[PDB]
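Taken in sequence, the protein lines are chains C, D and A.
Each residue of the first sequence is one higher than the one before, starting from 86 at the first, in the authors' numbering.
According to the authors' numbering, the second sequence holds residues 85 to 254, 260 to 602 in order.
Each residue of the third sequence is one higher than the one before, starting from 85 at the first, in the authors' numbering.
Virtual Cβ for every residue (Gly too), placed ideally from N, Cα, C.
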Amino acid sequence: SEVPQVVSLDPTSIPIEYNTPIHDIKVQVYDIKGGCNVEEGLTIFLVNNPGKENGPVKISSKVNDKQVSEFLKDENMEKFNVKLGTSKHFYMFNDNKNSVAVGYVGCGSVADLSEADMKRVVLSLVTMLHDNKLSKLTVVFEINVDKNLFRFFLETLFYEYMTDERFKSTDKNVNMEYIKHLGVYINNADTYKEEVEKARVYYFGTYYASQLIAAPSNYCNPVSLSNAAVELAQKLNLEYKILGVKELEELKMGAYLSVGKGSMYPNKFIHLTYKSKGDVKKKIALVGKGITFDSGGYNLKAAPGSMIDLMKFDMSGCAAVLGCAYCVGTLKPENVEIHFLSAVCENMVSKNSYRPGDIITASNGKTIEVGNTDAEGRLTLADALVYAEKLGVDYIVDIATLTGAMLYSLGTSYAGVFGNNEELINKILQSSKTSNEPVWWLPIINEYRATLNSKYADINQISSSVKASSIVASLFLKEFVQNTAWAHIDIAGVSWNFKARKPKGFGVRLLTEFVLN
Amino acid sequence: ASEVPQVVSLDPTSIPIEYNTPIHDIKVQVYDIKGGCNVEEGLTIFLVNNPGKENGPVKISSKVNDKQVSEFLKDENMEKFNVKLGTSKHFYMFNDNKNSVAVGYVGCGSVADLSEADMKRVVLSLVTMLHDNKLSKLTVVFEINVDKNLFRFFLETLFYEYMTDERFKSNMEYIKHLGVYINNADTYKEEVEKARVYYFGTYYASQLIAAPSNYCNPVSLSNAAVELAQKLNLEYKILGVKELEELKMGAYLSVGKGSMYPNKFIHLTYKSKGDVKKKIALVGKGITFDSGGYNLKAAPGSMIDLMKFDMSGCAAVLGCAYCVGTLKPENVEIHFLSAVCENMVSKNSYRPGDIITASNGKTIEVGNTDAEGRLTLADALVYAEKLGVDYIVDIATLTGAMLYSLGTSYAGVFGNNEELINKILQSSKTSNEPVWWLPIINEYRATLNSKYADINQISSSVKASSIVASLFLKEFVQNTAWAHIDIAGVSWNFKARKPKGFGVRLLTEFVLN
Amino acid sequence: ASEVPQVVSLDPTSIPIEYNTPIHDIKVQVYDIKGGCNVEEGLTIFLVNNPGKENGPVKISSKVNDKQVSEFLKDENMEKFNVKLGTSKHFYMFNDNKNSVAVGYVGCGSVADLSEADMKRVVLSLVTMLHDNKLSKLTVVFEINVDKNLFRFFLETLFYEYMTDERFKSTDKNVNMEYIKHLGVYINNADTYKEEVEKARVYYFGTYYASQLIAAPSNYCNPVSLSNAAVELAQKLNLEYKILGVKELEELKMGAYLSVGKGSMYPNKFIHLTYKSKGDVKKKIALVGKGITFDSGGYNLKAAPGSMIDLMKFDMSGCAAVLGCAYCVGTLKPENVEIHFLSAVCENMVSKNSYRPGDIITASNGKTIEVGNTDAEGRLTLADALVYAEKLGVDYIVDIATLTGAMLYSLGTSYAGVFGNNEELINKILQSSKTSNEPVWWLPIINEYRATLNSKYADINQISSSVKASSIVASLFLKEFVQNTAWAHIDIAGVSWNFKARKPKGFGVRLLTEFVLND
Ligand SMILES: CC(C)(C)C(=O)N[C@@H](C(=O)NO)c1ccc(-c2ccsc2)cc1
Ligand SMILES: CC(C)(C)C(=O)N[C@@H](C(=O)NO)c1ccc(-c2ccsc2)cc1
Ligand SMILES: CC(C)(C)C(=O)N[C@@H](C(=O)NO)c1ccc(-c2ccsc2)cc1
Ligand SMILES: [Zn+2]
Ligand SMILES: [Zn+2]
Ligand SMILES: [Zn+2]
Ligand SMILES: [Zn+2]
Ligand SMILES: [Zn+2]
Ligand SMILES: [Zn+2]
């Protein structure tokens with residue numbers, strides 16, 4: 086629990102915001118058939134025009150105000166169009182002779198919006214929220230969205246609206262004011278009301294993950310991260326267990342322990358557990374890669390394009406699992422038992438570091454020839470997977486920033502899923518659809534297995550020949566699951582939002598939807 | 085035929101092609117294994133596995149009609165050997181009639197069902213024995229389980245790997266007979282002559298790919314296509330620069346500008362005798378050498394000495410033309426297309442930054458002259474859609490990034506129509522040429538928005554270049570089902586230093602079934 | 085024996101060493117061909133060639149004491165097979181006693197004088213016949229002309245290549261691992277070749293022992309665990325031994341060697357083994373091996389493409405060769421000679437405690453050295469070892485080291501390079517290269533390059549500025565630490581590791597031993 090320091094100025098904990106401004110927003114949902122009351126703050130209409138590309142804007146909703154209705158006549162709205170992402174502000178007086186702000190956001194010509202489309206809309210909406218001190222936002226849905234897309238709108242709204250200022254000091258935004266009320270007008274609102282607080286849960290789980298990832302490696306280290314996981318578990322009444330080095334040694338986790346050797350921080354294996362009250366139908370282990378900083382070790386990330394300064398993100402997998410733990414522990418699903426696992430450590434350069442060429446022994450007794458110390462993720466998951474299987478679960482799903490090759494195969498939008506079981510894979514893909522976090526199925530090609538044959542050890546860590554890293558890595562991991570349905574989600578490409586310079590918190594909602602449904 | 089230009093009189097003016105191979109002279113018999121085996125001639129090899137027992141002992145179950153070989157095959161002798169996938173042994177001995185025979189086995193592992201990767205290992209081990217064999221007959225006994233497709237794969241692979249390409253050259262002899270013992274022999278007999286056709290289609294494509302760029306150029310390759318068309322009685326047409334200019338194929342012609350060889354657009358057509366119920370266009374990338382242009386392949390690992398293989402897509406299509414023109418399917422009309430050129434460095438070459446206009450009217454800003462494949466394909470695809478076909482399938486050594494996604498075994502397929510993709514995937518299964526469905530991610534499309542042209546050729550940032558390329562090609566197919574097979578990673582067999590002729594059997598199964 | 089420091093309790097604390105190998109269980113019998121060949125159980129392989137006629141037909145000229153086998157192996161039956169170098173075939177037949185026997189041949193080409201490289205091709209073919217076949221015996225019939233040395237080389241290579249290192253296998257041990265118990269050899273003038281058999285078995289293990297050390301990863305083979313293994317070897321051979329630690333190294337003022345090791349968690353250990361004859365000593369020799377148990381490069385980290393930092397466990401190959409030579413010498417026990425076996429062992433790591441590029445360090449002979457590259461550490465450790473060596477007062481100093489990557493561009497992977505300050509000694513190394521069949525080539529120490537080692541602040545630069553001819557410059561540097569003693573330097577950076585087979589060669593063991601013995 087005691088975070089070691091080099092100097093007294095070194096942080097001893099991760100700053101974490103639980104009570105966010107988003108949580109102080111009173112969210113009300115009304116049915117659109119009763120007409121919209123425009124009284125205060127900003128009222129935004131979500132409007133589209135099916136068929137006609139860049140077609141005119143029309144407000145079909147009934148507006149419980151004479152003046153505002155007249156303003157929003159088709160004659161006045163004709164000049165503006167519905168191009169996806171477009172937004173305009175309006176200013177007028179209502180029946181009460183009060184000034185009020187109104188606007189709209191263009192949702193395009195398609196009848197149904199995709200994942201990227203809805204995010205575009207939310208991002209336009211957020212630009213209306215920034216640099217404008219408002220106390221209330223009202224959103225009127227004049228497009229068709231199902232419950233999962235509606236929930237996604239809210240989660241995305243909350244996430245993008247929220248600004249992380251934990252590490253700001255002399256440069257806090259002096260104009261940072263959040264709305265206190267959120268009104269939503271939608272058709273058949275009763276069915277959507279339950280999606281509100283689910284979205285706020287999904288929002289924080291994601292933002293919590295984001296907070297851990299964005300936290301630099303001097304704040305977020307194996308000790309502080311495991312201390313944080315404990316605190317979360319305590320707040321959620323989850324059972325928790327943190328495995329220290331001596332316990333890890335008894336479990337003979339040589340692959341995991343070797344990776345952490347060069348670090349000033351002791352390895353910490355995180356093990357949280359949720360169990361439903363009553364009969365457990367499904368037991369699930371979620372495994373997240375928890376490298377708090379990845380320098381590459383003696384295979385130092387020195388080559389152009391290696392992006393060593395991003396490598397605080399190499400615990401994004403762990404963060405996803407902890408975010409999921411928040412969501413699951415909050416929403417309390419029935420008939421499941423969930424283990425949240427992460428072999429957390431740091432990959433550093435030291436006199437004590439493991440070397441290229443070292444042969445190390447995993448907890449399942451397999452000897453491993455280390456070909457590249459910067460392929461340290463699969464080493465820690467190997468021992469984590471053996472641990473997961475010993476729990477006697479039905480499903481093991483690991484999530485990890487494992488291979489840079491994902492940027493060349495799927496890019497920055499879709500994560501890859503590999504596995505040994507088609508049913509689990511389809512459950513993952515299904516959860517991908519309902520969580521609106523895109524995943525694509527990639528193959529474990531067995532012809533490459535021979536390239537992991539070692540002359541001296543039981544198996545090679547990395548291949549040579551084969552340059553298909555994501556597949557070879559999946560081949561390696563498969564060797565540490567003997568007979569359990571297993572899947573592997575490589576989020577190396579999608580975890581960090583390069584354009585926005587922040588984490589996505591990718592995987593929290595995906596893993597939660599998998600566990601819940 | 086066109087006169088291929090020369091720099092010096094020693095420059096070759098055609099691609100040497102072998103049509104009649106020793107493989108075609110092999111007489112193939114298929115016997116049912118239930119009746120026991122005859123072993124009086126040549127080389128006999130047993131395909132053996134041991135389920136459950138990894139690297140377990142060899143055990144031969146078949147009864148053989150020779151006492152001398154029966155003693156050799158007894159369990160106490162054979163258990164000295166093991167069934168590790170690819171492991172083989174063979175011994176020479178006299179049989180009952182005092183004739184010299186050779187007897188052995190190839191291990192097939194401990195898994196009862198072989199993948200095509202496993203089967204290729206087995207065949208390779210077999211071929212190695214054949215390359216040191218002078219006997220006239222090989223007999224293969226399947227003490228394993230294979231379905232009709234995998235058995236046809238076994239024969240195709242055997243024929244292909246057995247054959248050695250000696251065209252450019254200035260201990261063994263080819264067998265005259267092949268015997269097969271296998272359960273339910275009658276139902277496999279129809280796969281033999283299909284395997285012999287698939288073999289040559291694959292091997293012919295292989296000859297074109299392996300043909301160096303001084304032998305195989307746009308003129309000589311198009312000449313060969315014509316000669317293939319003439320032998321198969323296919324309709325054919327070669328479009329030269331003048332008619333390509335009139336068709337306004339600015340993208341295609343821009344790539345060729347810097348070459349001493351004029352661009353040649355290959356168009357072969359197979360039309361069935363009966364009514365036509367499906368029209369297909371098959372499009373193959375045909376770069377006879379890819380230097381990279383002014384974006385020269387100079388970086389470490391760019392493997393410029395390999396780039397004679399950049400017309401592998403074209404070879405696959407032409408090899409498919411052979412199989413289709415030979416097997417003569419019904420109710421179908423197939424167009425075999427290839428915009429052939431050479432990508433070179435010259436005073437006349439297209440430049441990075443040049444804005445060029447495709448035949449469909451779109452202007453393209455060239456960001457990288459080494460992304461030349463998609464430019465040629467763009468005009469090819471515009472040509473194909475004007476034919477009014479139900480399906481357009483293109484196949485191309487398009488993006489090196491395939492090595493980082495699927496690697497050297499699996500090709501990637503992208504497309505705009507789920508039905509066509511599933512048909513490709515189904516064809517991958519029955520042809521045993523592995524292919525994986527990859528996505529065309531629409532969120533990346535914005536990276537192709539040019540400041541000045543209608544569209545960018547490449548992205549500046551995206552990194553997912555195989556998908557970005559697919560998005561580029563997609564822009565030139567307006568309302569036809571279209572799929573794109575990227576064979577950049579799978580075309581060349583790096584370990585064996587030769588082509589695979591990948592795609593011939595895949596495409597043929599697609600049009601046949 | 086020192087205690088090996090651990091970071092975690094799962095860190096290994098010794099090198100696993102296999103002394104009693106299955107090769108040592110093989111009984112070898114040598115017969116004269118004049119008596120005829122008996123063919124029974126196991127595998128009987130004829131080594132045949134056909135002079136002049138490339139890929140000519142196989143002919144078996146040896147007498148075979150079996151009518152059935154003789155009939156099978158008659159000219160008319162063999163002419164369908166050819167003698168292409170490396171070709172092999174298996175035969176099956178019943179002999180005069182109605183027992184089934186296995187026979188065959190390995191083609192030895194169309195040249196009567198087989199080179200050491202072509203002989204390795206023959207042995208590898210023969211080994212492929214041994215693998216995946218549970219045999220109790222192998223018989224070899226030499227129908228080619230080989231001298232005593234090449235015959236011994238055949239046996240050494242057979243033993244070495246047949247052997248399979250499974251020390252680090254856990255779940256992936258080969259279940260079908262079974263070795264012959266008997267080896268028969270038929271050859272003309274057999275009584276003259278018999279003396280080579282045990283010599284070959286000794287040379288095999290000396291070579292195989294070195295290979296085990298080299299192949300051992302750096303978490304197993306570190307300076308403490310390696311010096312410990314040297315102690316154990318000396319104890320089994322009754323060699324004198326002394327392991328010098330940091331304290332005594334400091335007293336001896338070995339600043340160059342010590343600075344290399346500063347960055348490691350493992351303390352420096354200087355190995356000193358000694359063999360002395362019971363007879364009057366007539367010549368004294370020191371053998372010096374480079375002993376970097378892992379070479380990360382230091383602050384000049386190996387991060388450049390093609391630097392193969394994952395191979396860097398090999399960087400104690402020189403030390404391994406010397407220790408392998410110690411085994412052979414302590415076993416064969418040469419007379420009238422005193423041999424010192426030396427290695428300044430350490431690990432070149434990156435650390436707050438590491439030595440830095442630009443550092444100026446003082447060697448044990450008082451020479452100050454300016455460090456231009458932390459990855460040029462071998463010659464620093466050797467500098468102090470060479471000074472130490474000459475203080476012993478010996479006749480010859482020979483060092484062996486994986487020193488410079490440039491060797492791959494000069495001699496490649498087959499020939500080692502030898503440099504020196506004495507012609508007579510160099511000729512003897514070249515002579516031992518011939519009689520051991522470990523290829524070495526004489527390379528010059530070009531004095532004109534010496535000026536590029538002129539330091540502005542120190543007495544001498546570690547590395548050159550101009551040059552690029554690293555192997556020669558490094559030799560120039562080393563020469564500065566040998567005042568008045570015959571000295572030779574064997575660079576084995578190119579030949580140490582077998583890249584195709586992914587294993588060490590144990591190169592240098594036989595070479596050094598032949599050098600010790602043949603004088
Ligand atoms: C360096 C290589 C090819 C071995 C690799 O795949 N590295 C992983 C890694 O360091 N795993 O521990 C890697 C490299 C880069 C990234 C990455 C992802 C988004 S930007 C950089 C992610 C993983
Ligand atoms: C260099 C880049 C990213 C533009 C690319 O994908 N180039 C293609 C190409 O030259 N298309 O015309 C490319 C690069 C390398 C290969 C390749 C495949 C196996 S080895 C090299 C294949 C295609
Ligand atoms: C790079 C240079 C010139 C300093 C050099 O010779 N380096 C040595 C070395 O690191 N000595 O400590 C070196 C580099 C590479 C090799 C090598 C040999 C086979 S693969 C790499 C061997 C020695
Ligand atoms: Zn890494
Ligand atoms: Zn990592
Ligand atoms: Zn190109
Ligand atoms: Zn190309
Ligand atoms: Zn070095
Ligand atoms: Zn070194």
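Query                                                                                                                               : Result
Sub-8 Å separation of D:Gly375 and D:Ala428 beta-carbons                                                                            : yes
Residues of its chain near C:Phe235, where Cβ-Cβ distance is below 6 Å and the 5 sequence neighbours each way are ignored           : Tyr277, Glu280
Cβ contact check for the segment 108–118 of chain C and the segment 167–185 of chain C: 3 or more pairs under 8 Å                   : no
Within-8 Å CB hit, A:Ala299 to chain C                                                                                              : yes
DSSP three-state assignment for A:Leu371, whether helix, strand or coil                                                             : strand
Residues, ordered as in the chain, of the segment 384–411 of chain C that lie near chain D by beta-carbon distance below 7 Å        : none
Chain-order list of residues whose beta-carbon lies under 6 Å from that of C:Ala318 (same chain, five-residue window excluded)      : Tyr325, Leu357
Contact set between D:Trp525 and chain C, taken where Cβ atoms lie within less than 7 Å                                             : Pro528
Residue span of the alpha helix (DSSP H) that contains D:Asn432, given as start and end                                             : From DSSP, D:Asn432 is part of no alpha helix (DSSP H) but of the beta strand (DSSP E) over 421–432.
Chain A contact residues for C:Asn437, given Cβ-Cβ distances below 8 Å                                                              : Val91, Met349
Own chain, CB closer than 6 Å to C:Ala300, minus 5 neighbours either side, in chain order                                           : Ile99
CA-to-CA distance, A:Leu562 to A:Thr536, given in whole angstroms                                                                   : 14 Å
Cα-Cα separation, C:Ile298 to A:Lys257                                                                                              : 42 Å
Ligand 7 heavy atom lying under 7 Å from the CB of D:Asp575                                                                         : no
CB contact below 8 Å: D:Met177 versus chain A                                                                                       : yes
Neighbour flag for D:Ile556 against chain C, beta carbons, 8 Å                                                                      : yes
Distance between C:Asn538 and D:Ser199 (C-alpha atoms, nearest Å)                                                                   : 19 Å
For review: beta carbons within less than 6 Å of any heavy atom in ligand 9                                                         : A:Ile376, A:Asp379, A:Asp399, A:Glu461, A:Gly462
Contacts around C:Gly504, its chain only, beta-carbon distance under 7 Å, and the 5 residues preceding and following it disregarded : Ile510, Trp571, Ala572, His573
Same chain only: Cβ atoms within 8 Å of A:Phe378, ignoring 5 sequence neighbours per side                                           : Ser302, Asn306, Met396, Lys397, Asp399, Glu431, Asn432, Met433
DSSP state of A:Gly339 mapped onto helix, strand, coil                                                                              : helix
Three-way DSSP call (helix, strand, coil) for D:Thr569 in this model                                                                : coil
Proximal chain C residues relative to A:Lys253, where beta-carbon distance stays under 8 Å                                          : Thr452, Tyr541, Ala542, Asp543
Closer than 8 Å to chain A by CB, D:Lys221                                                                                          : no
Minimum Cβ-Cβ distance from D:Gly496 to chain C less than 8 Å                                                                       : yes
Bounding residues of the beta strand (DSSP E) (the contiguous stretch that carries C:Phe237)                                        : Premise fails: C:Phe237 lies in the alpha helix (DSSP H), 232–246, not in any beta strand (DSSP E).
Contained alpha helix (DSSP H) runs [length at least 4] in the segment 158–217 of chain A, N- to C-terminal order                   : 159–162, 200–214
Strand pairing of A:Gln113, partner residues [DSSP]                                                                                 : A:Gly268
Identity of the residue in A:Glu227, A:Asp216, A:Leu208 nearest A:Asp197 by Cα                                                      : A:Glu227
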